[PDB]
């Protein structure tokens, strides 16, 4: 079976941290490809902004288009509302019978896996890949694959605050995404 990584999130915006993690897992586990899986976001409760599906998808394209081994999976983003990861992976399993899915999660996610919807059934659909800091181990009763990656501290929350302050985020994310964000006045 084809070894394919999945990295999910809202990518709001995508940045070098996401690419670094995707790349590290790609090399560490000798994957064929990594699919970025943009999540759906429910409409805001209190008349504030969420970043459109259109904008998030385009930023993601700009962030990944340079890498032949990165692709985008629209399974969640095409639906009307959020999806449980179990339901998504069930659907990807039906659509791609010959793929072994390696589902990337942060080290801090790991202790909370037992609280995921249909976790037991999901374990039969994917191999989890927990990203841990150098030399440190993840503790979980579940079978998981560990990949070591330094914590680089860049986050979407950091970048949004900078854009709110009308600063550049050059060197924290692909040039092309920075250009797109400031041009369309995102995160202001």
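Residue numbers count along the first chain shown, from 1.
S.K.: Mean CA B-factor: is it higher for 94 to 102 or for 79 to 87?
M.R.: It is 94 to 102.
S.K.: Tell me which stretch has the larger mean Cα B-factor in this entry, 169 to 177 or 18 to 26.
M.R.: So the stretch with the higher mean C-alpha B-factor is 169 to 177.
S.K.: Among 143, 130, 43, 38, where is the Cα B factor highest in this entry?
M.R.: So the option with the highest C-alpha B-factor is 43.
S.K.: What third of its chain, lowest, middle or highest, does the C-alpha temperature factor of residue 7 fall into?
M.R.: For residue 7, whose C-alpha B-factor we compare with every modelled residue in the chain, the answer is the lowest third.
S.K.: Using the temperature factors of the C-alpha atoms in this entry, rank residue 53 within its chain: lowest, middle or highest third.
M.R.: Its C-alpha B-factor, which the entry lists for residue 53, ranks in the highest third among residues of this chain.
S.K.: In terms of the chain's CA B-factor thirds, is residue 139 lowest, middle or highest?
M.R.: Within its chain, residue 139 is a lowest-third residue by C-alpha B-factor, going by the deposited values.
S.K.: Looking at the temperature factor on the CA atom of residue 153, which third of the chain's modelled residues does it land in?
M.R.: Highest third, going by the recorded CA B-factors of the chain.
S.K.: Would you please rank residue 66 by its C-alpha temperature factor against the other modelled residues of its chain and give the third it falls in: lowest, middle or highest?
M.R.: It belongs to the highest third of the chain when residues are ordered by C-alpha B-factor.
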